[PDB]
>>> print(open('query_1.cif').read())   # mmCIF, C-alpha atoms and all ligand atoms
data_work
loop_
_atom_site.group_PDB
_atom_site.id
_atom_site.type_symbol
_atom_site.label_atom_id
_atom_site.label_comp_id
_atom_site.auth_asym_id
_atom_site.auth_seq_id
_atom_site.Cartn_x
_atom_site.Cartn_y
_atom_site.Cartn_z
ATOM 1 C CA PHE X 28 -32.609 136.743 14.611
ATOM 2 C CA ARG X 29 -33.525 136.403 10.959
ATOM 3 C CA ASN X 30 -37.144 135.561 11.737
ATOM 4 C CA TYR X 31 -39.361 135.405 8.649
ATOM 5 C CA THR X 32 -42.330 133.785 10.374
ATOM 6 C CA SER X 33 -42.600 136.526 13.000
ATOM 7 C CA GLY X 34 -41.356 140.024 13.817
ATOM 8 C CA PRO X 35 -42.422 143.703 13.833
ATOM 9 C CA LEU X 36 -40.676 144.422 10.524
ATOM 10 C CA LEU X 37 -41.941 141.341 8.700
ATOM 11 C CA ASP X 38 -44.467 143.436 6.747
ATOM 12 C CA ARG X 39 -41.928 145.575 4.875
ATOM 13 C CA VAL X 40 -39.494 142.679 4.395
ATOM 14 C CA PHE X 41 -42.010 140.368 2.717
ATOM 15 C CA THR X 42 -43.124 143.178 0.432
ATOM 16 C CA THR X 43 -39.488 143.797 -0.556
ATOM 17 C CA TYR X 44 -38.514 140.181 -1.396
ATOM 18 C CA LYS X 45 -41.707 139.444 -3.274
ATOM 19 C CA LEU X 46 -41.102 142.482 -5.414
ATOM 20 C CA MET X 47 -37.359 141.647 -6.035
ATOM 21 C CA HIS X 48 -37.989 138.005 -6.822
ATOM 22 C CA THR X 49 -40.840 139.025 -9.052
ATOM 23 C CA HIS X 50 -38.479 141.270 -10.954
ATOM 24 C CA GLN X 51 -34.777 140.037 -10.726
ATOM 25 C CA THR X 52 -34.539 138.477 -14.139
ATOM 26 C CA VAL X 53 -31.492 137.630 -16.308
ATOM 27 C CA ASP X 54 -32.059 140.704 -18.497
ATOM 28 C CA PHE X 55 -32.288 143.043 -15.507
ATOM 29 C CA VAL X 56 -29.178 141.855 -13.783
ATOM 30 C CA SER X 57 -27.465 142.006 -17.189
ATOM 31 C CA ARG X 58 -28.419 145.641 -17.710
ATOM 32 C CA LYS X 59 -27.542 146.744 -14.178
ATOM 33 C CA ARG X 60 -24.124 145.123 -14.362
ATOM 34 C CA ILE X 61 -23.449 147.469 -17.288
ATOM 35 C CA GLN X 62 -25.168 150.470 -15.720
ATOM 36 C CA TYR X 63 -22.887 150.355 -12.681
ATOM 37 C CA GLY X 64 -19.820 148.534 -14.034
ATOM 38 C CA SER X 65 -18.012 151.715 -15.069
ATOM 39 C CA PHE X 66 -18.157 153.299 -11.607
ATOM 40 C CA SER X 67 -18.703 156.765 -13.008
ATOM 41 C CA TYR X 68 -21.534 157.862 -10.722
ATOM 42 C CA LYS X 69 -19.521 159.531 -7.970
ATOM 43 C CA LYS X 70 -16.085 160.046 -6.488
ATOM 44 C CA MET X 71 -15.783 159.655 -2.725
ATOM 45 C CA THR X 72 -13.611 158.299 0.059
ATOM 46 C CA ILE X 73 -14.666 155.265 2.077
ATOM 47 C CA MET X 74 -15.718 157.461 5.012
ATOM 48 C CA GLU X 75 -17.698 159.749 2.707
ATOM 49 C CA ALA X 76 -19.528 156.663 1.436
ATOM 50 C CA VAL X 77 -20.087 155.375 4.986
ATOM 51 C CA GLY X 78 -21.517 158.746 5.951
ATOM 52 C CA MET X 79 -23.841 158.652 2.946
ATOM 53 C CA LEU X 80 -25.388 155.609 4.615
ATOM 54 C CA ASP X 81 -26.203 157.873 7.544
ATOM 55 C CA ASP X 82 -29.164 158.615 5.267
ATOM 56 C CA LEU X 83 -30.232 155.001 4.622
ATOM 57 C CA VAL X 84 -32.222 152.239 6.310
ATOM 58 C CA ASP X 85 -32.440 148.706 4.905
ATOM 59 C CA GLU X 86 -35.996 147.569 4.121
ATOM 60 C CA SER X 87 -35.201 143.853 3.807
ATOM 61 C CA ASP X 88 -33.572 143.510 7.245
ATOM 62 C CA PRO X 89 -35.944 142.195 9.968
ATOM 63 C CA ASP X 90 -33.384 143.042 12.662
ATOM 64 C CA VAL X 91 -32.504 146.667 11.893
ATOM 65 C CA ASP X 92 -34.365 149.983 11.858
ATOM 66 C CA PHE X 93 -31.555 152.523 12.067
ATOM 67 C CA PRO X 94 -29.091 154.138 9.635
ATOM 68 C CA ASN X 95 -27.026 151.408 8.001
ATOM 69 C CA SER X 96 -23.821 153.362 8.585
ATOM 70 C CA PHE X 97 -23.966 152.307 12.223
ATOM 71 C CA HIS X 98 -24.334 148.643 11.232
ATOM 72 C CA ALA X 99 -21.083 148.982 9.288
ATOM 73 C CA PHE X 100 -19.218 150.003 12.462
ATOM 74 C CA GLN X 101 -20.900 147.336 14.568
ATOM 75 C CA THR X 102 -19.836 144.617 12.136
ATOM 76 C CA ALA X 103 -16.276 145.888 11.897
ATOM 77 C CA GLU X 104 -16.125 146.012 15.707
ATOM 78 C CA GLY X 105 -17.387 142.472 16.195
ATOM 79 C CA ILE X 106 -14.818 141.197 13.737
ATOM 80 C CA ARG X 107 -12.021 143.270 15.294
ATOM 81 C CA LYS X 108 -12.615 141.913 18.785
ATOM 82 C CA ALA X 109 -12.710 138.291 17.580
ATOM 83 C CA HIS X 110 -9.895 138.491 15.000
ATOM 84 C CA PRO X 111 -7.357 141.059 16.297
ATOM 85 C CA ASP X 112 -4.599 139.652 14.063
ATOM 86 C CA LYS X 113 -6.561 140.267 10.815
ATOM 87 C CA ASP X 114 -7.015 144.006 10.300
ATOM 88 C CA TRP X 115 -8.079 143.572 6.661
ATOM 89 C CA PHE X 116 -10.989 141.502 8.002
ATOM 90 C CA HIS X 117 -11.965 144.361 10.338
ATOM 91 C CA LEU X 118 -12.171 146.609 7.285
ATOM 92 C CA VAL X 119 -14.249 144.095 5.330
ATOM 93 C CA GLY X 120 -16.796 144.567 8.143
ATOM 94 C CA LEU X 121 -16.934 148.325 7.621
ATOM 95 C CA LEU X 122 -16.924 148.014 3.812
ATOM 96 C CA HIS X 123 -19.260 145.136 3.099
ATOM 97 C CA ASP X 124 -22.552 147.038 2.752
ATOM 98 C CA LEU X 125 -21.307 150.208 1.046
ATOM 99 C CA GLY X 126 -22.922 149.077 -2.213
ATOM 100 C CA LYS X 127 -26.273 150.139 -0.763
ATOM 101 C CA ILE X 128 -25.441 153.699 -1.776
ATOM 102 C CA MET X 129 -27.322 152.718 -4.958
ATOM 103 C CA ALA X 130 -30.597 153.145 -3.044
ATOM 104 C CA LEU X 131 -29.805 156.839 -2.520
ATOM 105 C CA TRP X 132 -29.210 157.120 -6.265
ATOM 106 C CA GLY X 133 -32.834 156.288 -7.057
ATOM 107 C CA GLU X 134 -32.686 152.474 -7.203
ATOM 108 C CA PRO X 135 -35.599 150.598 -5.637
ATOM 109 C CA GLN X 136 -34.289 148.759 -2.598
ATOM 110 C CA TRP X 137 -35.303 145.381 -4.013
ATOM 111 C CA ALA X 138 -32.543 146.014 -6.578
ATOM 112 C CA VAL X 139 -30.009 146.998 -3.882
ATOM 113 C CA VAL X 140 -30.490 145.092 -0.619
ATOM 114 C CA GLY X 141 -31.586 141.662 0.556
ATOM 115 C CA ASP X 142 -30.660 138.012 0.201
ATOM 116 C CA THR X 143 -29.376 137.088 -3.226
ATOM 117 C CA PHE X 144 -30.039 134.126 -5.478
ATOM 118 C CA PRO X 145 -28.864 133.152 -8.942
ATOM 119 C CA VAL X 146 -31.051 134.328 -11.819
ATOM 120 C CA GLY X 147 -31.288 132.107 -14.911
ATOM 121 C CA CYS X 148 -32.231 129.011 -12.955
ATOM 122 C CA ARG X 149 -34.997 127.693 -10.748
ATOM 123 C CA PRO X 150 -35.148 129.181 -7.226
ATOM 124 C CA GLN X 151 -34.314 126.565 -4.593
ATOM 125 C CA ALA X 152 -36.147 125.908 -1.336
ATOM 126 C CA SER X 153 -33.987 127.937 1.065
ATOM 127 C CA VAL X 154 -34.717 131.169 -0.820
ATOM 128 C CA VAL X 155 -36.651 133.471 1.498
ATOM 129 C CA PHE X 156 -40.346 133.135 0.601
ATOM 130 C CA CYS X 157 -39.585 130.964 -2.434
ATOM 131 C CA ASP X 158 -43.021 129.349 -2.493
ATOM 132 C CA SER X 159 -45.026 132.581 -2.568
ATOM 133 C CA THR X 160 -43.088 135.327 -4.400
ATOM 134 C CA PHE X 161 -41.814 133.972 -7.724
ATOM 135 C CA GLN X 162 -45.092 133.374 -9.568
ATOM 136 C CA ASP X 163 -44.989 136.706 -11.426
ATOM 137 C CA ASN X 164 -41.352 136.407 -12.528
ATOM 138 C CA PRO X 165 -41.187 136.114 -16.355
ATOM 139 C CA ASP X 166 -37.944 134.079 -16.311
ATOM 140 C CA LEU X 167 -39.755 131.103 -14.798
ATOM 141 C CA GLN X 168 -42.075 130.984 -17.814
ATOM 142 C CA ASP X 169 -38.926 130.717 -19.907
ATOM 143 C CA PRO X 170 -37.764 127.133 -20.565
ATOM 144 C CA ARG X 171 -34.215 128.492 -20.724
ATOM 145 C CA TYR X 172 -34.284 129.371 -17.018
ATOM 146 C CA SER X 173 -37.024 127.245 -15.438
ATOM 147 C CA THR X 174 -34.874 124.138 -14.851
ATOM 148 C CA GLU X 175 -32.518 123.236 -12.002
ATOM 149 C CA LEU X 176 -29.329 124.274 -13.814
ATOM 150 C CA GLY X 177 -31.099 126.698 -16.148
ATOM 151 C CA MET X 178 -28.531 128.488 -18.304
ATOM 152 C CA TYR X 179 -25.620 127.096 -16.272
ATOM 153 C CA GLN X 180 -23.315 124.103 -16.580
ATOM 154 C CA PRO X 181 -22.829 122.061 -13.390
ATOM 155 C CA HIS X 182 -20.158 123.360 -11.000
ATOM 156 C CA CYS X 183 -19.426 126.285 -13.300
ATOM 157 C CA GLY X 184 -18.335 128.153 -10.178
ATOM 158 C CA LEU X 185 -20.237 130.992 -8.513
ATOM 159 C CA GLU X 186 -17.962 133.567 -10.149
ATOM 160 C CA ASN X 187 -19.529 132.462 -13.460
ATOM 161 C CA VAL X 188 -23.084 132.759 -12.126
ATOM 162 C CA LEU X 189 -25.403 135.754 -12.619
ATOM 163 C CA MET X 190 -26.581 136.683 -9.128
ATOM 164 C CA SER X 191 -29.635 138.821 -8.461
ATOM 165 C CA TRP X 192 -28.380 142.427 -8.661
ATOM 166 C CA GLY X 193 -27.485 144.222 -5.452
ATOM 167 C CA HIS X 194 -24.825 145.645 -3.175
ATOM 168 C CA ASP X 195 -22.752 142.429 -3.142
ATOM 169 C CA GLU X 196 -21.859 142.332 -6.802
ATOM 170 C CA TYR X 197 -21.699 146.126 -7.057
ATOM 171 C CA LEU X 198 -19.183 146.401 -4.218
ATOM 172 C CA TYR X 199 -17.180 143.421 -5.455
ATOM 173 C CA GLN X 200 -16.746 144.929 -8.921
ATOM 174 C CA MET X 201 -16.121 148.345 -7.380
ATOM 175 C CA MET X 202 -13.166 147.034 -5.318
ATOM 176 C CA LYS X 203 -11.674 145.262 -8.350
ATOM 177 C CA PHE X 204 -11.963 148.446 -10.441
ATOM 178 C CA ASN X 205 -10.285 150.537 -7.720
ATOM 179 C CA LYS X 206 -7.766 147.767 -7.004
ATOM 180 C CA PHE X 207 -8.264 147.456 -3.250
ATOM 181 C CA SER X 208 -5.231 145.670 -1.825
ATOM 182 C CA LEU X 209 -7.186 143.180 0.269
ATOM 183 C CA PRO X 210 -6.684 139.392 0.169
ATOM 184 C CA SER X 211 -8.756 137.313 -2.279
ATOM 185 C CA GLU X 212 -10.812 136.051 0.645
ATOM 186 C CA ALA X 213 -12.057 139.588 1.342
ATOM 187 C CA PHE X 214 -13.336 140.163 -2.194
ATOM 188 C CA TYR X 215 -15.052 136.799 -2.167
ATOM 189 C CA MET X 216 -16.772 137.258 1.221
ATOM 190 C CA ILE X 217 -18.217 140.590 0.155
ATOM 191 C CA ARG X 218 -19.330 139.303 -3.250
ATOM 192 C CA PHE X 219 -21.377 136.463 -1.744
ATOM 193 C CA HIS X 220 -22.180 137.557 1.826
ATOM 194 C CA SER X 221 -25.861 137.998 0.941
ATOM 195 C CA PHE X 222 -26.123 134.556 -0.661
ATOM 196 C CA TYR X 223 -27.886 132.903 2.274
ATOM 197 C CA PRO X 224 -29.402 129.992 0.371
ATOM 198 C CA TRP X 225 -25.799 129.003 -0.345
ATOM 199 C CA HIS X 226 -23.713 129.761 2.763
ATOM 200 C CA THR X 227 -26.523 128.899 5.202
ATOM 201 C CA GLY X 228 -29.389 127.122 3.434
ATOM 202 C CA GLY X 229 -27.151 124.442 1.931
ATOM 203 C CA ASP X 230 -28.476 125.031 -1.582
ATOM 204 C CA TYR X 231 -27.052 125.720 -5.058
ATOM 205 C CA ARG X 232 -24.179 123.268 -4.704
ATOM 206 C CA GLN X 233 -24.946 122.264 -8.296
ATOM 207 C CA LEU X 234 -23.307 125.549 -9.336
ATOM 208 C CA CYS X 235 -20.417 125.559 -6.889
ATOM 209 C CA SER X 236 -16.838 124.692 -7.740
ATOM 210 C CA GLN X 237 -14.433 123.182 -5.221
ATOM 211 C CA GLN X 238 -12.951 126.678 -4.892
ATOM 212 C CA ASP X 239 -16.344 127.948 -3.694
ATOM 213 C CA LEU X 240 -16.694 125.161 -1.140
ATOM 214 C CA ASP X 241 -13.248 125.981 0.245
ATOM 215 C CA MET X 242 -14.398 129.586 0.771
ATOM 216 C CA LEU X 243 -17.574 128.566 2.589
ATOM 217 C CA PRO X 244 -16.013 128.735 6.108
ATOM 218 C CA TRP X 245 -14.734 132.281 5.482
ATOM 219 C CA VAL X 246 -18.148 133.462 4.298
ATOM 220 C CA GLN X 247 -19.849 131.790 7.235
ATOM 221 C CA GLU X 248 -17.387 133.337 9.697
ATOM 222 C CA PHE X 249 -18.032 136.797 8.283
ATOM 223 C CA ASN X 250 -21.731 136.070 8.245
ATOM 224 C CA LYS X 251 -22.068 135.465 11.978
ATOM 225 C CA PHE X 252 -20.635 138.914 12.738
ATOM 226 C CA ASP X 253 -22.649 140.463 9.916
ATOM 227 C CA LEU X 254 -25.850 139.147 11.436
ATOM 228 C CA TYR X 255 -25.374 138.908 15.217
ATOM 229 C CA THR X 256 -23.695 142.287 15.844
ATOM 230 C CA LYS X 257 -26.980 143.988 14.905
ATOM 231 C CA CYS X 258 -28.120 145.876 18.020
ATOM 232 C CA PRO X 259 -29.969 149.126 18.831
ATOM 233 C CA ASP X 260 -27.002 150.277 20.973
ATOM 234 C CA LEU X 261 -24.997 152.347 18.494
ATOM 235 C CA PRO X 262 -21.177 152.715 18.553
ATOM 236 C CA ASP X 263 -19.246 155.942 19.149
ATOM 237 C CA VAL X 264 -18.511 156.473 15.464
ATOM 238 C CA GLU X 265 -16.418 159.603 16.063
ATOM 239 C CA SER X 266 -14.122 157.648 18.416
ATOM 240 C CA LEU X 267 -13.810 154.709 16.030
ATOM 241 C CA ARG X 268 -13.264 156.709 12.848
ATOM 242 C CA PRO X 269 -9.479 157.212 13.255
ATOM 243 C CA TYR X 270 -8.794 153.473 13.704
ATOM 244 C CA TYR X 271 -10.731 152.551 10.578
ATOM 245 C CA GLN X 272 -9.277 155.479 8.635
ATOM 246 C CA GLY X 273 -5.895 153.903 9.370
ATOM 247 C CA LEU X 274 -7.022 150.634 7.758
ATOM 248 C CA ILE X 275 -8.578 152.549 4.835
ATOM 249 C CA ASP X 276 -5.279 154.362 4.289
ATOM 250 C CA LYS X 277 -3.552 150.995 4.032
ATOM 251 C CA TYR X 278 -6.009 149.047 1.842
ATOM 252 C CA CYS X 279 -8.068 151.529 -0.193
ATOM 253 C CA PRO X 280 -6.888 155.139 0.328
ATOM 254 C CA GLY X 281 -7.993 158.454 -1.136
ATOM 255 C CA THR X 282 -10.896 159.227 -3.428
ATOM 256 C CA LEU X 283 -12.297 156.152 -5.136
ATOM 257 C CA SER X 284 -14.620 155.642 -8.093
ATOM 258 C CA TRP X 285 -18.193 154.568 -7.401
HETATM 259 O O1 LIG W 301 -31.327 142.082 5.076
HETATM 260 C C1 LIG W 301 -29.954 141.718 4.919
HETATM 261 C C2 LIG W 301 -29.158 142.937 4.476
HETATM 262 O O2 LIG W 301 -29.704 143.454 3.260
HETATM 263 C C3 LIG W 301 -27.688 142.550 4.267
HETATM 264 O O3 LIG W 301 -26.960 143.697 3.856
HETATM 265 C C4 LIG W 301 -27.584 141.450 3.198
HETATM 266 O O4 LIG W 301 -26.220 141.074 2.996
HETATM 267 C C5 LIG W 301 -28.401 140.246 3.637
HETATM 268 O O5 LIG W 301 -28.339 139.212 2.651
HETATM 269 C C6 LIG W 301 -29.859 140.648 3.849
HETATM 270 O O6 LIG W 301 -30.571 139.503 4.305
HETATM 271 FE FE FE W 302 -25.168 143.021 3.117
HETATM 272 FE FE FE W 303 -24.446 143.745 6.485
HETATM 273 O O O W 304 -24.897 142.008 5.238
#
>>> encode(input="query_1.cif", output="structure tokens", more="lines below")
Ligand SMILES: O[C@H]1[C@H](O)[C@@H](O)[C@H](O)[C@@H](O)[C@H]1O
Ligand SMILES: [Fe+3]
Ligand SMILES: [Fe+3]
Ligand SMILES: [O-]
Amino acid sequence: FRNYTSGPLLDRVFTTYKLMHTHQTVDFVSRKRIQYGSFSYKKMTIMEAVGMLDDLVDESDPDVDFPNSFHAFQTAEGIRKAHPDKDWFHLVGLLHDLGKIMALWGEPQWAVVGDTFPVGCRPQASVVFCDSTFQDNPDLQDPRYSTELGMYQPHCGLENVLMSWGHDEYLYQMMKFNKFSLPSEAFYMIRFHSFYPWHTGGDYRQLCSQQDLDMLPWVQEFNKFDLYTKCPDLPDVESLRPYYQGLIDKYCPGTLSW
């Protein structure tokens, strides 16, 4: 799992992180936040959006080579079986990767999927391929962003950090805009679930607040289902749909703005 030294997909995953690192700059993230922050691209229900991902495969994932819609159901199912008393958490599983619809809207996948990292400051060691994929990034030539803290004050809190643009931040802002009625923990887990250097690699604590640290266990708990439920054996989506539609009706019903 999560093997970046070996694997049959390693070729397309290295290409995709080298290209996203080489191009996720402060300006770019700043533009994309505006480009998508009005959620005026499409109107859809959750299940519509999930079904859109019937038409999408993730090019950064070394563990998956099937429509990402299925992965949504697998993650929700893993969570549901381990945390029966937390239905909202089951939904988070289904919802967490819906931001990848951007790839169907013409975005290059390096601007949609993959591990995230803060722009505006020096990449730390636990960033996938850090040593070999950042040399062509203009921000690093910029004294404003080349240092450890870069443009940030210490412990500013991750909510005040500009993350590399992708499905995490898109979906987080989407849910705020539509006013999903999930607990704070849900919004936070989704917003930072891709931030491996932080929740796994132990890095970027120079930017974290005590609030962020307190959320670490929640992100890590979601993460283990996010990652380890990935399997070629697909779920019976038709059978599962009604259960998850019930949760959708409770937490984020009807047509939403994307
Ligand atoms: O390849 C995976 C996939 O893109 C996940 O959706 C994302 O959250 C992870 O950070 C990434 O490593
Ligand atoms: Fe994800
Ligand atoms: Fe995922
Ligand atoms: O994920």
>>> residues_around(input="query_1.cif", residues="residue 194 (chain X)", least_positions_apart="5", cutoff="9 Å", atoms="only C-alpha atoms", output="list in words")
residues 123, 124, 125, 126, 127, 128, 129, 138, 139, 140, 141, 199, 217, 218 and 221 of chain X
>>> closest_residue(input="query_1.cif", among="X:49, X:180, X:174, X:42", to="residue 162 (chain X)", atoms="only C-alpha atoms")
X:49
>>> atom_distance(input="query_1.cif", atom1="CA of residue 235 (chain X)", atom2="CA of residue 60 (chain X)")
21.3 Å
>>> atom_distance(input="query_1.cif", atom1="atom O of ligand O 304 (chain W)", atom2="CA of residue 56 (chain X)")
19.5 Å
>>> residues_around(input="query_1.cif", residues="region 146-158 of chain X", least_positions_apart="5", cutoff="6 Å", atoms="only C-alpha atoms", output="PyMOL selection string")
chain X and resi 52-53+172-178+189-191+224+228
>>> residues_around(input="query_1.cif", residues="region 269-283 of chain X", least_positions_apart="3", cutoff="12 Å", atoms="only C-alpha atoms", output="ChimeraX atom specification")
/X:66-77,99-100,103-104,107,113-122,198,201-210,213,263-266
>>> write_last_selection(input="query_1.cif", atoms="C-alpha atoms", output="mmCIF file, in the frame of the given file")
data_model
loop_
_atom_site.group_PDB
_atom_site.id
_atom_site.type_symbol
_atom_site.label_atom_id
_atom_site.label_comp_id
_atom_site.auth_asym_id
_atom_site.auth_seq_id
_atom_site.Cartn_x
_atom_site.Cartn_y
_atom_site.Cartn_z
ATOM 1 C CA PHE X 66 -18.157 153.299 -11.607
ATOM 2 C CA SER X 67 -18.703 156.765 -13.008
ATOM 3 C CA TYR X 68 -21.534 157.862 -10.722
ATOM 4 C CA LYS X 69 -19.521 159.531 -7.970
ATOM 5 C CA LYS X 70 -16.085 160.046 -6.488
ATOM 6 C CA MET X 71 -15.783 159.655 -2.725
ATOM 7 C CA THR X 72 -13.611 158.299 0.059
ATOM 8 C CA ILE X 73 -14.666 155.265 2.077
ATOM 9 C CA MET X 74 -15.718 157.461 5.012
ATOM 10 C CA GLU X 75 -17.698 159.749 2.707
ATOM 11 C CA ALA X 76 -19.528 156.663 1.436
ATOM 12 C CA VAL X 77 -20.087 155.375 4.986
ATOM 13 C CA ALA X 99 -21.083 148.982 9.288
ATOM 14 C CA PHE X 100 -19.218 150.003 12.462
ATOM 15 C CA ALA X 103 -16.276 145.888 11.897
ATOM 16 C CA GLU X 104 -16.125 146.012 15.707
ATOM 17 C CA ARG X 107 -12.021 143.270 15.294
ATOM 18 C CA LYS X 113 -6.561 140.267 10.815
ATOM 19 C CA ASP X 114 -7.015 144.006 10.300
ATOM 20 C CA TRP X 115 -8.079 143.572 6.661
ATOM 21 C CA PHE X 116 -10.989 141.502 8.002
ATOM 22 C CA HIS X 117 -11.965 144.361 10.338
ATOM 23 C CA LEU X 118 -12.171 146.609 7.285
ATOM 24 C CA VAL X 119 -14.249 144.095 5.330
ATOM 25 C CA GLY X 120 -16.796 144.567 8.143
ATOM 26 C CA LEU X 121 -16.934 148.325 7.621
ATOM 27 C CA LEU X 122 -16.924 148.014 3.812
ATOM 28 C CA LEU X 198 -19.183 146.401 -4.218
ATOM 29 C CA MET X 201 -16.121 148.345 -7.380
ATOM 30 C CA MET X 202 -13.166 147.034 -5.318
ATOM 31 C CA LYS X 203 -11.674 145.262 -8.350
ATOM 32 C CA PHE X 204 -11.963 148.446 -10.441
ATOM 33 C CA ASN X 205 -10.285 150.537 -7.720
ATOM 34 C CA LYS X 206 -7.766 147.767 -7.004
ATOM 35 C CA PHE X 207 -8.264 147.456 -3.250
ATOM 36 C CA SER X 208 -5.231 145.670 -1.825
ATOM 37 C CA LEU X 209 -7.186 143.180 0.269
ATOM 38 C CA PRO X 210 -6.684 139.392 0.169
ATOM 39 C CA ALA X 213 -12.057 139.588 1.342
ATOM 40 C CA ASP X 263 -19.246 155.942 19.149
ATOM 41 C CA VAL X 264 -18.511 156.473 15.464
ATOM 42 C CA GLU X 265 -16.418 159.603 16.063
ATOM 43 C CA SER X 266 -14.122 157.648 18.416
#
>>> residues_around(input="query_1.cif", residues="residue 85 (chain X)", least_positions_apart="2", cutoff="7 Å", atoms="all atoms listed in the file", output="PyMOL selection string")
chain X and resi 83+87-88+95+140
